[PDB]
Amino acid sequence: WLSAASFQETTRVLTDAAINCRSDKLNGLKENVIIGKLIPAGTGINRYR
Amino acid sequence: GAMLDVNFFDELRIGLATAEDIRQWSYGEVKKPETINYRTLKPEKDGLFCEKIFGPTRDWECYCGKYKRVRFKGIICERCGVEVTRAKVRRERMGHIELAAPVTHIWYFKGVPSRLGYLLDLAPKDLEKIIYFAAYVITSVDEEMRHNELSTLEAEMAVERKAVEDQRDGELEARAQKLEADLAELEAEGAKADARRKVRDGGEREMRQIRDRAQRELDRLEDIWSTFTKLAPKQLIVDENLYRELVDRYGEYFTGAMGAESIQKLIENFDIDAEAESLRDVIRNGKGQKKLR
Amino acid sequence: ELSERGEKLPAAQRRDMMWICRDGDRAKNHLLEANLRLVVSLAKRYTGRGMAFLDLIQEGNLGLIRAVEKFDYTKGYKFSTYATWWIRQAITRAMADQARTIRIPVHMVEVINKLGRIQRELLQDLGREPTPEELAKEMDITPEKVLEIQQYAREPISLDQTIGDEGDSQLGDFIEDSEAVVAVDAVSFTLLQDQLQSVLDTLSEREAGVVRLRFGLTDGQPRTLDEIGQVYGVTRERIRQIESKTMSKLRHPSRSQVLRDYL
Amino acid sequence: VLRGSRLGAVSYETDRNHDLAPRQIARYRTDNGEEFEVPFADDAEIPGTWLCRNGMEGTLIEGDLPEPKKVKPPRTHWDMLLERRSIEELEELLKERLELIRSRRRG
Amino acid sequence: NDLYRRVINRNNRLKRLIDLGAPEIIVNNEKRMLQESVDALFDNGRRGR
Amino acid sequence: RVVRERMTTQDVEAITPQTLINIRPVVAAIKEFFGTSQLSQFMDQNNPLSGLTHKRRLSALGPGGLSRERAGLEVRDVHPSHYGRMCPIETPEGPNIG
DNA sequence: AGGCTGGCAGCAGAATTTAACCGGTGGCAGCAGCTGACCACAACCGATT
DNA sequence: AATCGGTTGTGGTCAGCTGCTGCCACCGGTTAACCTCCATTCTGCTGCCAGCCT
Ligand SMILES: [Zn+2]
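Protein sequence lines correspond, in order, to chains A, B, C, D, E and F. Under the entry's author numbering, the first residue of the first sequence carries the number 1220, and numbering increases by one thereafter. Under the entry's author numbering, the first residue of the second sequence carries the number -1, and numbering increases by one thereafter. Under the entry's author numbering, the first residue of the third sequence carries the number 265, and numbering increases by one thereafter. Under the entry's author numbering, the first residue of the fourth sequence carries the number 5, and numbering increases by one thereafter. Under the entry's author numbering, the first residue of the fifth sequence carries the number 341, and numbering increases by one thereafter. Under the entry's author numbering, the first residue of the sixth sequence carries the number 398, and numbering increases by one thereafter.
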């Protein structure tokens, strides 16, 4: 939900992420940029890190 | 889970905050529309910038200056109530406003598709009229009392309509007496043969309009009776006068309200499992606009 | 009063009285509903300065409730004659309380409106914007009081308005936070703490302890000479004398050259 | 260049955790049964009532203080009526209304 | 602060009207105004001007 | 509007034009046109050509005319009725071309 | 005799007018009247090497 | 002879309440001829009305 709300239609995405009580496992490349940790690509993966 | 946010997050979960969540996040109720003093430029108590609610403006001081170091850290001044701590807690502490009447959230009422309308099965036009105080809605009805007093109330309505028609019969007799007086005072005196019929035509117009008044009043009584016999919850009553006649005659057997307090009573009397089961039966069996809806 | 300490009345009389008790409330509601249109026509004059139209109507309705309560029918006047005073007072006092973000009280709003009328009359009849001396002589106050009132009469600008014309940049993106950590003052204070601790460390133990407990360099609490004297078992004047001699030692160039740059 | 200050101070101290002043904890109770803990200073007089986080006053939990009294409104509709009428005039008005409703219903 | 102040002003006036015992025309007009002010706080211009 | 509004209150045969007229809205209207409007611009003074070309400028945008994002690609064109009336060459090259 | 379903058209969201008294109370603000502790210059001691 | 600590004669001194004595902001209540209503494009949903079926 956190990378779909920042794409577009923020109000519509947030108003049924709340109704469905959605949870965000922060797996993506954009959710790690927003919350401020290492993206899961490049040198930020556990093989290299 | 975490609230200080030291960076071991596993998940971020979103949901729908209830009133207990809101008044559990809050550090105090704001109850004045004041911001700062116009002379001393310092925050006002209970206002929108209050230090007793949101924390102090200066690092490790209270509001009255009684406690002013890190030696007094974490205590609350017994005079002004300001907890002496950092001033950056005024970016972290929330407060709340306790409403005197319930209010709907605009996100769940307005934006297409209306989620409140889908849950309660009300059209958005019929939902706007309720929550913006333009129509009534039947929150509850009583079926046992209605089914056991329907005959007696039918007898009462028939008695009252009989009285109305007897009143029209008395008017029929009185205007017939005036009409026969007009006959005796027009046919036995010399005038125009058409002008003796103009007064009786006005009398017949008076009879037509008076029986039209009686017919419209009888139609209004039939409308009240049919509206009470077809009463169910989630049913809009525009015509404030029709609603007032209903609460006058049959003030038991049902309840009604306007606004978000009626919307929240409809949500209280809502059976999510039964509604989901009936919707799944429709999508298994039926077809068309019913199945798509 | 009768239902206080019991005293049961006849039930016919009790049913008789309750009818007029509810009829009084019906009458009061009828009077208010009849004069709501007067409230609206009276309140439409104040639209356009701060408050919205429906807020003005509702504060007028509170005033109309008090005009119903204080109305005396034996004086033989109309209701609207008496109620116009209370409706106008309620609308004007509510506008004084609720028009601005930073709230100015009613008496100061009254002198601001007075100064506004005076200034408009002088600009009309003088052909020129009047001086503070002319305003202060027309209004019988001092020429600095005019400027204090005129600076209390200023409304805030908005942080969220577009200050550009094409870049779509708001005002709040142009205001420097003048209370953030400057990140070189915060490290200079750290190195000052370390250097001051070194210079104090190269004195004697009790001589450094006297200065540290005197200036509160350990716990932020500057103690007094008698407290340090009972700490070290010494008297107040001897504490003051050794403090003066340590200040003489610390004022040396060999100690203060490394600290001159930190001022 | 615009430069503004939200009118507060920022102090440069080391936030320690050990040498801190002593505190005592009171406990209050509002009229719907909620309970709150307030850390006062040890050398300080604990107040009788405290405005808590619900925005409603809560009394101190220890049964010592006979403090709250009546602060009654001197302005009700009955008071505003009484300052412009008399008891005999109101009694006459009441008896005239009673006689009218007797003549209406009973007659 | 203006949107929050509208909510607090209309809420306090509604408390005054309810404890004053005003007729339902006045009380319902106050409730409808309180509802529209909270709507304008959350999403301004979504419903109305 | 203020003339009518304070014409109804004041007693007739006691009023005069300088008691009816409040010139403060006229003064404020002219003042807020000349400062803070889109079409009242800071004069381009680099050289005499910048100055002379800031006058003799026909701008299609402003209060009462079309926006920049909501303007179509058809009003940004050169039309054969511009011959002798508007220059086909001299126009901005940014997002204001035409 | 009625009815419930098919296109069909319209609408919403998202992207690039007017003032004044009067009472009363809490906060302010300034200033002797003590202070009561602080500061200090100078002088007078209590053993002690 | 000094030297580390007390005693203090005595003279300012310096702010900390303490009355105290105005005095000045601040807030509530009152006023009684009479006059009563404010750009374009795409997508999806919702309501409209004819048209075959029992
Ligand atoms: Zn404090």
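We put the CB at the ideal spot given by N, CA and C, even for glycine.
- Shortest Cα-Cα distance from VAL68 of chain B to any of D:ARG10, D:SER15, D:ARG110 and D:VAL5 involves D:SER15.
- Straight-line spacing of the CA atoms in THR338 of chain C and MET281 of chain C works out to 24 Å.
- A direct Cα-to-Cα measurement between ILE50 of chain D and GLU81 of chain B gives close to 15 Å.
- Apart from the 5 residues on each side of it in sequence, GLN28 of chain D sits with its Cβ closer than 7 Å to the Cβ of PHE44 and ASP46 in its chain, given in chain order.
- Listed along the chain, the chain B residues whose CB falls inside 9 Å of the CB of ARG345 of chain E are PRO31, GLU32, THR33 and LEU46.
- When the Cα atoms are used, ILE1238 of chain A and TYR106 of chain B turn out to be separated by approximately 9 Å.
- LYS50 of chain B and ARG286 of chain C have their alpha carbons spaced roughly 45 Å apart.
- In terms of side-chain proximity, the C-beta atom of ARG84 of chain B is found no nearer than 6 Å to any non-hydrogen atom of ligand 1.
- For the pair of segments examined, the stretch 1242 to 1259 of chain A was found not to touch the stretch 18 to 29 of chain B: the number of CB pairs separated by less than 8 Å stays below three.
- The beta strand (DSSP E) runs of length 3 or more contained entirely in the stretch 18 to 67 of chain B are, from start to end of the chain, 24 to 27.
- The DSSP-derived three-state label of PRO363 of chain E is coil.
- For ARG11 of chain B, the residues of chain A that pass the 9 Å Cβ criterion are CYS1240, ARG1241, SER1242 and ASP1243, in the order they occur in the chain.
- The C-alpha of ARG144 of chain B lies about 22 Å from the C-alpha of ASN239 of chain B.
- Rounded to the nearest whole angstrom, the CA to CA distance from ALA1224 of chain A to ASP1235 of chain A is 11 Å.
- Below the 8 Å Cβ cutoff, chain B contributes no neighbours of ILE321 of chain C, its closest Cβ being approximately 15 Å away.
- Within chain C, the C-beta atoms nearer than 7 Å to that of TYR36 of chain B come from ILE366, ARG367, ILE368 and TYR416, in chain order.
- In the structure shown, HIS81 of chain D adopts helical secondary structure according to DSSP, grouped into three states.
- Taking the CA atoms as reference points, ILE20 of chain B sits about 7 Å from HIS94 of chain B.
- The Cβ of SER462 of chain C sits no closer than 7 Å to any Cβ of chain D.
- Under the 7 Å criterion on CB atoms, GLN425 of chain C is classed as non-interfacial with respect to chain E.
- Taking every protein chain shown into account, the CB of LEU306 of chain C has 16 or more other CB atoms within 10 angstroms, so this residue is buried.
- Ranked by Cα distance from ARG519 of chain C, the first of C:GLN461, C:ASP449 and C:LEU273 is C:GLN461.
- For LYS40 of chain B, the Cβ stays outside the 6 Å cut-off from all heavy atoms of ligand 1.
- Ranking C:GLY270, C:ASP437, C:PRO517 and C:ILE413 by CA distance to the CA of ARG7 of chain D puts C:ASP437 first.
- By the C-beta criterion, the stretch 428 to 437 of chain F is judged to be in contact with the stretch 455 to 464 of chain F, since at least 3 inter-stretch pairs fall below 8 Å.
- DSSP places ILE261 of chain B in no beta strand (DSSP E) but in the uninterrupted alpha helix (DSSP H) bounded by 258 to 266.
- Residue state for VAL75 of chain D is assigned as coil, using DSSP reduced to three classes.
- Contact between the stretch 139 to 155 of chain B and the stretch 265 to 276 of chain B is absent: fewer than 3 CB-CB pairs across the two stretches fall below 8 Å.
- Within 8 Å of the CB of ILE365 of chain E, the CB atoms of chain C belong to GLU297 and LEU300, in sequence order along the chain.
- Put simply, the backbone Cα of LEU343 of chain E is about 21 Å away from that of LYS40 of chain B.
- By the C-beta density criterion, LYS76 of chain D is exposed, having fewer than 16 other C-beta atoms within 10 angstroms.
- Between ligand 1 and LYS342 of chain C, a heavy atom-to-CB distance of less than 6 Å is absent.
- Among the residues facing chain E, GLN362 of chain C is included, as its CB has a counterpart in that chain under 7 Å away.
- In the displayed model, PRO111 of chain B falls within coil according to three-state DSSP, outside both helix and strand.
- Close to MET256 of chain B, with beta-carbon spacing below 8 Å, are these residues of chain E in chain order: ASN368.
- Between the alpha carbons of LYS513 of chain C and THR466 of chain C lies a distance of about 11 Å.
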